[PDB]
Amino acid sequence: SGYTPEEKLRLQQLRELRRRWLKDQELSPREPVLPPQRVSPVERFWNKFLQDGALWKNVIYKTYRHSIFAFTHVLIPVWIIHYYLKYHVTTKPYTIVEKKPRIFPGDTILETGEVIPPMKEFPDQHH
Amino acid sequence: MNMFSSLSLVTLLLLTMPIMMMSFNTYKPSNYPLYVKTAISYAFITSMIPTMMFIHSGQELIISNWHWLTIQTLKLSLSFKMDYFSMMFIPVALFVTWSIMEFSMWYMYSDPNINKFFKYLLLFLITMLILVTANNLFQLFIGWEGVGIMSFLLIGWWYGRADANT
Amino acid sequence: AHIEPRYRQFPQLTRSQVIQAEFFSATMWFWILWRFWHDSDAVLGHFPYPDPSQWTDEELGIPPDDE
Amino acid sequence: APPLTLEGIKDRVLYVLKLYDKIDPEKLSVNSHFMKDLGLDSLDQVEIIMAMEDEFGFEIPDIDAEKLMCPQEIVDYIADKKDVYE
Amino acid sequence: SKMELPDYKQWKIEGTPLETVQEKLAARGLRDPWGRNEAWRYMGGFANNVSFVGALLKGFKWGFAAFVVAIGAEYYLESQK
Amino acid sequence: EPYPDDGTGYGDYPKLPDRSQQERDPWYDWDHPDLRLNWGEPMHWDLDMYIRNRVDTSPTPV
Amino acid sequence: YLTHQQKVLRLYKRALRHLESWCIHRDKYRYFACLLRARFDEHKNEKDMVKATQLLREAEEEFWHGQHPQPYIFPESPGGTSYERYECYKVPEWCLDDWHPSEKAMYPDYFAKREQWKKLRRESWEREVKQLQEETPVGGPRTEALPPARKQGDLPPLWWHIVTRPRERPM
Amino acid sequence: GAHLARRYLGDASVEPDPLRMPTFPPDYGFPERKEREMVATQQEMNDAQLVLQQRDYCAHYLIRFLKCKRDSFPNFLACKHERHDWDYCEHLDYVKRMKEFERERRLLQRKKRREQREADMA
Amino acid sequence: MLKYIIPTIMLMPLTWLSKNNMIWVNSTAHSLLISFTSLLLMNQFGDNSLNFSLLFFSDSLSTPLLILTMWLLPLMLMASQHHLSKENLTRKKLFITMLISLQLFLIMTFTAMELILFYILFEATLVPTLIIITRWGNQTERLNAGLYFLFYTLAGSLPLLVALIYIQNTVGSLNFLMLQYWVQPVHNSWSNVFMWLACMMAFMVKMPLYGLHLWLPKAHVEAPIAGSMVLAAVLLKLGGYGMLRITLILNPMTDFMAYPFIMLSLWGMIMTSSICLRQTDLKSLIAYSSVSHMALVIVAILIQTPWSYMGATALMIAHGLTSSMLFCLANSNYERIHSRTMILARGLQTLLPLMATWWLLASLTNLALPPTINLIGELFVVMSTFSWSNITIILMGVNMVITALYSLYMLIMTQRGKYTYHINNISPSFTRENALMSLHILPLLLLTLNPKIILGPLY
Amino acid sequence: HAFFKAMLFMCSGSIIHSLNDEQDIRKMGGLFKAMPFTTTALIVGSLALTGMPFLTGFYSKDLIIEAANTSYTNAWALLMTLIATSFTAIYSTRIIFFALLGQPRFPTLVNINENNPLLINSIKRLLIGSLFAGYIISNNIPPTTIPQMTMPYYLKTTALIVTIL
Amino acid sequence: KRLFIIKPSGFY
Ligand SMILES: CCCCCCCCCCCCCCCCCC(=O)OC[C@H](COP(=O)(O)OCCN)OC(=O)CCCCCCCCCCCCCCCCC
Ligand SMILES: CCCCCCCCCCCCCCCCCC(=O)OC[C@H](COP(=O)(O)OCCN)OC(=O)CCCCCCCCCCCCCCCCC
Ligand SMILES: C[C@H](CCC(=O)O)[C@H]1CC[C@H]2[C@@H]3[C@H](O)C[C@@H]4C[C@H](O)CC[C@]4(C)[C@H]3C[C@H](O)[C@]12C
Ligand SMILES: *C(=O)CCCCCCCCCCCCC
């Protein structure tokens, strides 16, 4: 067994072409040639700001990013949701229904000032 | 009540925002897995506040905020059940999803469609939260089938592999 | 890379991964020991289990046979 | 999964063969026919291919494996499957 | 780029369980010609590995040391009360 | 070999071995690698049932 | 068709691989791999080809009885966990012809190189077809083997889809 | 445990039927038996919103525990003594159910012992 | 209805008097404007239908069908203009004319007050449909498909004509409002059995009913793409609309006359759904899918409950958009590879990414993913059929499993796996193709927000 | 279950990635020291799954077994459950023994690296959950039943004994 | 070494 002389010669010829093809898949240094790039003045600040390095100004940027997230994705959504619930949902009947609070002996009702009586004396078990 | 109900809903709305932003409105590719992972971690935090309130006093409520459809004597309304099971499971699911997404940022780093992968993971989570908070069986069925189809799409992620499609 | 691959040899390790791994294995065993010191009942037993055969017939209300 | 190179493949292929007791490391070159030069039989060649599969972590089908009769042919076969061109 | 391979002559079956296999093959008049290709798995950082119990007790010395200090601290706080 | 000339309508279509495409050599250079078919060869009557996503007939160890 | 020798060597490789799946531990596998080789060496010289066939059939029956029900499979081999995992990323080169001109302008060097390859393919085609016509018997080809290029400046007939096939890790 | 072997692999006539016990009158052999005291009123358990299966003869300890848990928030390691009183009250309630089973079994034995003795007369 | 009839008629001179190179732009733009005005039909009242005149009216049943009909015309012009690009100008204009005339007959069909006016327009739709199939279909089989289409329809509709005239002689009117007040119960006699069959078989053939459906896989498969869109989206719904109307005058006989047709439908939907699993022609698979879905509409109409009537109305609308989308998706592959065989072109997700998203969305609506209106309609029918007989949930359940299987089998076979090596002409999706798909799916998913407008008069 | 089961998959993903997509445990081995952090998480995860006292899995699995043992229940179902609990220890040992212990059985080019911060921090958070989450959730939820705490010694330690066996 | 990625046209 083993390649016949014909098989070896064809494999060698194909191997040369294949490696030339693979070599031609490499990008040149300038590629990709991107078209005119727009930048924002907000990035201008941060690019110069952080090239310094340090771990005290790599924290301001992190704090800035998280604050912009908290504002756009927590505070504004909760404002919209709170406005929606307070002035549209809860103005209709039975839209938000709370389980009524548990009342325990000795509690005081905030609405009325009523005082709930304590339970009767326990027949103190040994423990 | 006003804080409990506001924060329980924002948890769900917050998770839909990375889906909407993938309408190429604020979209930039490179940061997307980190964006989705950050939304999950915030959703975990907002979900702890209603959970603390339930733990403190056992507060529970039902939100039936949108009337969708009345069929004679069957009124179907988008309604959410913030109770024991949904107050405990939501933070746990979000906490574990938070780790898996951070893990995915490393595991799937060389996948050319990593953004689509994080979109699909997020869509699964949304449908699962719909399932858990559902107050009527129709809304539950939406989440029930939602996770099934997302499961189908994630199992067959490598769609050139015949075994994955099967 | 910061960790270059090796050939037929044990890999290179950062000290960070060894310390962190050691810390969380120690934390596991500290927790187990601390919880067992305080809640050994949760595994062994909360309350003594009575032996029914030792209960007297007077306290279970069993009348004598011939009546 | 770091990338392979032609020299790296050849180095590891020859490295495995120098750990095979039936081969003399001082008479082994890339063009040493396993049967005609090194004087091995076809059962030895099957074991050699199996080692290469273990070395590089992938299978060589029996129809292709049987034709790999020298170290250089093993290198070329691995290089072709891994798209190695340098 | 070139990775440099460890010298191949360092791979020997002596001292490893591959030597036991060789010895009990020589009883039957057989020899194992690939033993040196496996030797690396039994040498260097791979030579010594824990048992199953050793694995489960990872961190137990430091955990137990911290536990003994914790009850002492607990038992000091109680006495100071 | 055609199917038996009952009234079921096979005509002269070849009756080929009832083997799954999963049973074919995966290392051969098929024209349709996923189907493991060559261009021009007769397709099994039930080929769409024997694709690799459906019915498997491979030998089993038990 | 497989010769008798091919059938034996395929069995030997199959038997060893399933043996390795049973043994797992390397030192244990080395031991039993050498016992199995000794069995094959015991009949290496069997001139009677009727008896060598009977030995082969019994060995295959013994293998089927002893095969591991869940043998090890290399990850990318057929049936492996990564088999075909990257086919969804393999895009044929002809798709580049449909790129918009603004997309091609991002890789002026790649596409200039690509035009040379397409020119090479165009100019070789007539000679490749002619070489196959003249080297093929009147009935037609009797095997699937293709010939090499016999001349200088000729390419082996039917090379394009072999040479330009997608990389195994295309993305 | 052992009691299952006796009923299933032995004489089932002198073994209690868990789905039908008690079968003797409560006062058979118990002169002047006291009724069980209930501390928590129906309204208190309704106001506390106890799960119906928790509205047993130990409910008053549970209510005391629930009130402590609410008032000790966020300290979830407090009320550990309140929890134990409820656990111990439930333990004593379980022992009372074990005594009922043992009482039932001994009367079934006594009933049979009378039949055989009252049959050996004939 | 003259505010819709006259503008539709004017599409013809617009088409004929346009510049040669603006026939598609002009007809598409103005047909979309007509579709926009059709939203004025949504002035429906809780009690009374919107009764324009002696000839025409619109209630909550016909209104959604009218809006769908007028929406489909611009989509069909978009779907047709590529494969008619080499047709000579006059024959292009005649093709558009057939589409316009079909729309004219349909919008008058859905608003006709009198059942004999409904009949004439109901048969009238045959003529342009037959011409479209036989003249502009691609294969030899289009001629045979036209004959099956024509004679299956007429075999049923001629007995209907006799029945309707008989009713007018006996009642004195076929005006649908009058029949609501003058309707009398149907006594159980042999003569009334054949009146019932005469009044129903024509509509059953158009659904089609299982057993009487052989015309559909021929006609829907051999027609040009515009022909398939209207055939599946609207023309199948003439049968459902007709049955929903005429059952008014057939009670209580429908109680027992329904049984044979309910069995054909409940078992037929499982049969036709199974057929889809082994179809080799992509267009043929989509056609058999329609038969399975319309079996639910037949069953829903025959059990005559408020829930089944709401479900039937939703399904008819939902199926119309979905089946039309699937035909358009299948056609876009056909225009590239020029074959309808499903296994021919594989792995198209690799070559056409966005088009593979339309395939997924089309498939999900076909298998009735909640909360799509496809699911809402199917669910309401399953609910009502459970009350008709609990055992029906088995047949409904099996069908939903099979439907998921063939819907995703179509998706997996064509979009996934490895692409076919020798098919090298799969050019990128055109803006026209992408707009055509999104004009199906976007309205379909938007209706999920406000489902009541497609739930019919029982809502 | 969500905590330690998710962590186990991530630990296996870490191993799979380090061995170039190898998922067969027969080709692993000798990873106890090569991947110390994945080793720690894998051991914690396995101990949590098998009900090691006071880890996250103990606070549910052990109450479940106690409740089943003391319930009016199908006898065969009870036995199947206990045997399944023992099998849980066996296949948990199977992963640890073949993945981590012994000598390496993977290929010669060693690219083991678990030093990415994304990998460490994601596993680390679930490891903290696999230790304490059961205790924290168990001590904060309101009681909705009457827990059974009185039983013979052998029914109280059944879960632990069969796990040890 | 950066390589070219063959993809279908994304422009349209
Ligand atoms: C009430 C409920 C109704 C619902 C149930 C409806 C059932 C379906 C009815 C189907 C009607 C028949 C089938 C129609 C399909 C088209 C027929 C066809 O294409 O057959 C082809 C056949 C071949 O011959 P040919 O086409 O002429 O050769 C090529 C030259 N052109 O062509 C021929 O050989 C000639 C075909 C002649 C038949 C033409 C159709 C006439 C149908 C009405 C039959 C009239 C019966 C009157 C008899 C009264 C006396 C008994
Ligand atoms: C494949 C071809 C496709 C074309 C299909 C064409 C379908 C045409 C069907 C026409 C049949 C109409 C029925 C004519 C028979 C006379 C009806 C009648 O008057 O009988 C009355 C009686 C009612 O019974 P009952 O409900 O007890 O009375 C009220 C008290 N409760 O009668 C009854 O008991 C009611 C039951 C009548 C229905 C019998 C159902 C038979 C079994 C199901 C067959 C399904 C269809 C088979 C088609 C095969 C065709 C080859
Ligand atoms: C908070 C997080 C920082 C994570 C990190 O640095 O480790 C950063 C990473 C990328 C950010 C997001 C992405 O940049 C996309 C968004 C674009 C807008 O400029 C702000 C909101 C916006 C939605 C982001 C705000 C948020 O702060 C993100 C999520
Ligand atoms: C009396 O009520 C006894 C209830 C059940 C007894 C369980 C004791 C365990 C013995 C079998 C476990 C075997 C697991 C391998």
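Just the heavy atoms: all of them, side chains too, but no hydrogens, waters or symmetry mates, feed the values below. First listed ligand is number 1; within each ligand, the first listed atom is number 1. Chain identifiers are assigned alphabetically (A, B, ...) following the order of the sequence lines, protein sequences preceding nucleic acid strands; residue numbering begins at 1 within each chain.
The protein does not reach atom 6 (C) of ligand 2 closely, with no heavy atom under 4.0 angstrom from it. The protein reaches atom 19 (O) of ligand 2 closely, with a heavy atom under 4.0 angstrom from it. Inside a 4.0 Å radius of atom 19 (O) of ligand 3 there is not any protein heavy atom. Note that atom 30 (C) of ligand 2 has no protein non-hydrogen atoms nearby, at separations under 4.0 angstrom. Counting only heavy atoms, the protein never gets under 4.0 Å from atom 50 (C) of ligand 2. Closer than 4.0 Å to atom 24 (C) of ligand 3 lies none of the heavy atoms of the protein. The presence of a protein heavy atom under 4.0 Å from atom 42 (C) of ligand 2 is ruled out.
Nearest to atom 17 (C) of ligand 3 among the protein's heavy atoms is B:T26 OG1, 3.4 Å. Among all non-hydrogen protein atoms, the one lying nearest atom 11 (C) of ligand 4 is J:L79 CD1, 3.9 Å. The protein heavy-atom contact nearest to atom 7 (C) of ligand 4 is J:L155 CD2, 4.0 Å. I:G211 CA, 4.3 Å is the protein heavy atom nearest to atom 1 (C) of ligand 2. For atom 39 (C) of ligand 2, the closest non-hydrogen atom on the protein side is I:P260 CD, 4.7 Å. Counting only heavy atoms of the protein, atom 14 (C) of ligand 2 lies nearest to I:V193 CG1, 4.1 Å. For atom 48 (C) of ligand 2, the nearest non-hydrogen atom of the protein is I:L264 CD2, 4.5 Å. The protein atom (non-hydrogen) at minimum distance from atom 10 (C) of ligand 2 is I:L197 CD2, 4.1 Å. Protein heavy atom at the shortest distance from atom 10 (C) of ligand 4 is J:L82 CD1, 5.0 Å. Of the protein's non-hydrogen atoms, I:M257 CE, 3.5 Å is the one closest to atom 12 (C) of ligand 2. Protein heavy atom in closest approach to atom 6 (O) of ligand 3: A:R65 NH2, 3.5 Å. Atom 15 (C) of ligand 4 has as its closest protein heavy atom J:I83 CG1, 4.0 Å.
Between I:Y148 and I:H213, the distance from one ring center to the other does not fall under 6.0 angstrom. Outside the 6.0 Å centre-distance limit, the rings of B:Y120 and B:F117 are not counted as a close aromatic pair. If you look at A:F69 and B:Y42, their ring centroids are closer than 6.0 Å. A:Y61 and A:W46 have their aromatic ring centers within a separation under 6.0 angstrom.
Using a 4.0 Å cut-off between charged side-chain N and carboxylate O, A:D52 and A:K57 make a salt bridge. Between H:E15 and H:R105 there is no salt bridge, since no side-chain nitrogen of the basic residue lies less than 4.0 Å from a carboxylate oxygen of the acidic one. Salt-bridge annotation for B:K116 and B:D111: absent, with no side-chain N of the basic residue lying under 4.0 Å from a carboxylate O of the acidic one.
Within ligand 4, the atoms closer than 4.0 Å to a non-hydrogen atom of J:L78 are 5 (C), numbered from 1 in the order shown. Atoms of ligand 3 found under 4.0 Å from any heavy atom of B:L34 (numbered from 1 in listed order, with element): 4 (C), 5 (C), 9 (C). The atoms of ligand 4 that sit less than 4.0 Å from any heavy atom of H:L4 are 1 (C), 2 (O). Near I:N188, with a cut-off below 4.0 Å to any heavy atom, the atoms of ligand 2 are 19 (O). In the vicinity of A:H73, heavy-atom distances shorter than 4.0 Å reach the ligand 3 atoms 23 (C). Interface of H:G1 with ligand 4, defined as ligand atoms under 4.0 Å from a residue heavy atom, comprises 1 (C), 2 (O), 3 (C), 4 (C). For ligand 3 and B:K28, the ligand atoms under 4.0 Å from any heavy atom of the residue are 13 (C), 14 (O), 15 (C). Per-residue contacts place A:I68 under 4.0 angstrom from the following atoms of ligand 3 (heavy atoms of the residue considered): 20 (C). Per-residue contacts place H:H3 under 4.0 angstrom from the following atoms of ligand 4 (heavy atoms of the residue considered): 2 (O).
When all heavy atoms of I:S265 and I:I298 are compared, the closest pair comes out as OG-CG2, 3.3 Å. Closest approach of I:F203 and I:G239 over heavy atoms only: CB-O, 3.5 Å.
Residue-environment remark: CG (A:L34) exceeds the threshold of 12 foreign heavy atoms within 6.0 Å. No more than 12 heavy-atom neighbours from other residues, nucleotides or ligands sit within 6.0 angstrom of CG on A:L55. With a 6.0 Å radius and a threshold of 12 heavy atoms from other residues, nucleotides or ligands, I:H187 has its NE2 atom at or below the threshold. Counting heavy-atom neighbours within 6.0 Å of B:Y27 OH, excluding the residue itself, gives a total above 12.
Across H:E102, H:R106, H:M21, a single residue satisfies side-chain contact (heavy atoms from CB on, under 4.5 Å) together with H:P16, and that is H:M21. Looking at B:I114, B:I100, B:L34 one by one, the single match for side-chain contact (heavy atoms from CB on, under 4.5 Å) with B:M105 turns out to be B:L34.
Side chains of I:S292 and I:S273: a donor-acceptor N/O pair is present below 3.5 angstrom, by distance only. With no hydrogens or angles considered, no side-chain donor-acceptor pair links I:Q304 and I:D255 at under 3.5 Å. Inspection of the A:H73 and B:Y35 side chains reveals an N or O donor paired with an N or O acceptor under 3.5 Å.
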ring-ring contact (aromatic ring centres under 6.0 Å, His included) assessment of I:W196 paired with I:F261: CA-CA 12 Å; I:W196 193 98; I:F261 305 91; 5.5 Å; yes
When you look at I:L302 and I:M200, which way does the side chain to side chain contact (heavy atoms under 4.5 Å, CB included) test go after all the steps? CA-CA 11 Å; I:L302 290 179; I:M200 292 297 266; 3.8 Å; yes
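Using a 4.0 Å heavy-atom cutoff, A:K62 is absent from the residues neighbouring ligand 3. Ligand 3 is never approached by B:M21 to a heavy-atom distance shorter than 4.0 Å. Ligand 2 has I:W190 within reach: a non-hydrogen atom of the residue lies less than 4.0 Å from it. Taking a 4.0 Å cut-off on heavy atoms, B:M17 fails to register as neighbouring ligand 3.
Within the set I:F256, I:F261, I:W196, the minimum heavy-atom distance to atom 17 (C) of ligand 2 is found for I:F256. With A:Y64, A:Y61, A:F69, B:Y42 as candidates, the residue nearest to atom 28 (C) of ligand 3 on a non-hydrogen basis is A:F69.
No part of I:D255 comes within 4.0 Å of ligand 2, judged by heavy-atom distances.
The shortest N/O to N/O separation between B:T38 and ligand 3 does not fall below 3.5 Å.
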